[PDB]
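Have a look below at one chain only, the form deposited in one PDB entry, in structure tokens format.
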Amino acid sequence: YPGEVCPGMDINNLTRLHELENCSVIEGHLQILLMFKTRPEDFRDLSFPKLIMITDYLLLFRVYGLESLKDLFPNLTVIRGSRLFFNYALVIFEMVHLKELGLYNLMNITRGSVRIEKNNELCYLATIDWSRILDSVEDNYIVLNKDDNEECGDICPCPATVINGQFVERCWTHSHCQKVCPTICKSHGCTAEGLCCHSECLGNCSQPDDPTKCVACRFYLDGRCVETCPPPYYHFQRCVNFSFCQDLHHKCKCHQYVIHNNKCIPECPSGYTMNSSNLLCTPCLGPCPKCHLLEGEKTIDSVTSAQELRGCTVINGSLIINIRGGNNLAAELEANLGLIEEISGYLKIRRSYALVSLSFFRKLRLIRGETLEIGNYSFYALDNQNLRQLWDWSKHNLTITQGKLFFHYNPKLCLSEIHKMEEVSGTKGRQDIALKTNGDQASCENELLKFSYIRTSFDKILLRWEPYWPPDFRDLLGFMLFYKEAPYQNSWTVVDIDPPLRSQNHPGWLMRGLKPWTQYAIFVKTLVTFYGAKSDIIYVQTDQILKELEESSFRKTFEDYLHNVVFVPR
């Protein structure tokens, strides 16, 4: 490494950026912001080629004249993503004259996504393949740039891969392109001749098959990278020795520091206590969970908000899950705030579009409720479009001391699961629950419609299921069958069927239009006026309209009225 180790920094004046001159690694984050007076003649002759590694994230915002990062960051190779910026490890925002990215040497980002948006000159964007840089591409958001109503042509200087079946050349700048290394080394890094360096290395390296000649690696001790640091050196966020952790602890005594599991971490984990003799943390018989919240409030809108509660066990305040965007954040949410058994306050879920379940509270025992929402709610829900399941009630025990539940608009959440809460939580009755907005588009009809007869032909199938009748048989408007040529057991075709006439005239339908010797997946579900039943999906191989509801209700009303009048008791 041609330089020392730097902390993160935020750079008005461009001359502030000179501190990067003697730098190799920034273990924090690099933010360059709000130079409103610079112009490209201040960026022609400023280069920092000895920057090796960025740990957390790189953000550039409102910089005038930075048309390319080739000079600034020609050797920045890995942005790992220990600490993110709203689920993102690379954010470039509202750059005015940036047209070409330029950091061709960047290889991997271990954890995170990329946000490049509202950049009015950047165009070298469709030619960078992020599958070779990130593990996921469905989370990135590049939305508004120069190439939303225009194309610069993307003049390549190089490997090509498919977008949607068509191969396109992948390039970085006018003179460089992406290094799509072969799968022989998945991440170790192929060189010019195709040889790959040692497994404990990421991206780029000098001499193949050597732990020492690498520049970026998946720990690192001294001029070489290893899978685990040697016994004399404890792990870091680096492989540091006894000097580093004690030096930081004495400098603070601002974060304290503790040696634990051969890893120098800031604060002792749950149930572990510190003795002043040595920085090793020992188990403590006295219970001691960790999280003080200023103003007693914390809105979990991203990974960064969730990450401040990592290893947390007791929340000394309230949580407001407010995830937006539709991105699957379940795994990260569990990994961050899944250890919080106790929460001293109220829990709220507003406008969580992506949330399909709250199981990521894998250990959640006691919601206390000392402080409550307006209207005195200790569990709340509104506009959770894709929420269909709370904690798995078969094996999860939850306790709520005070407050009442609330459920306004959860279109895919069944009322049965909602009602199952009151039995287990302990709040038998305290209510708030809108019956026509929970599960309104859900197919969670609890009753079972068992199949009875199956007869398959070369182009047709014959189905017959056990009769179903609600307590008032006039409520059964009819039936609805669905089939679809499913490729494996792991949209449907909706049809309408009239109800059978009682007497049993075993109800069923005669399948038609099926192709020979192919499998089909099917189920039939009732429609009723307000119950409801569905047939469990079986597999077999081929060996403005709401006025009709009003008409049926009217038909019941007059027949009901006639009986009430013409039949009189003695």
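So that there is no doubt, residue numbering starts at 1 and follows the sequence shown.
In what follows, reference is made to the form deposited in another entry, a form of this protein that is not presented.
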Problem set entry | Residue marking the hinge between the shown form and the other one [rigid parts; choose from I497, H174, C444, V356] | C444
Exercise. Once you compare with this form, do the C-alpha atoms of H396 and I537 lie closer or farther in the other entry, given a change of 3 Å or more?
Worked result: farther
Exercise. Relative to what is shown, are the Cα atoms of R474 and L415 closer or farther apart in the other entry, where the gap shifts by 3 Å or more?
Worked result: closer
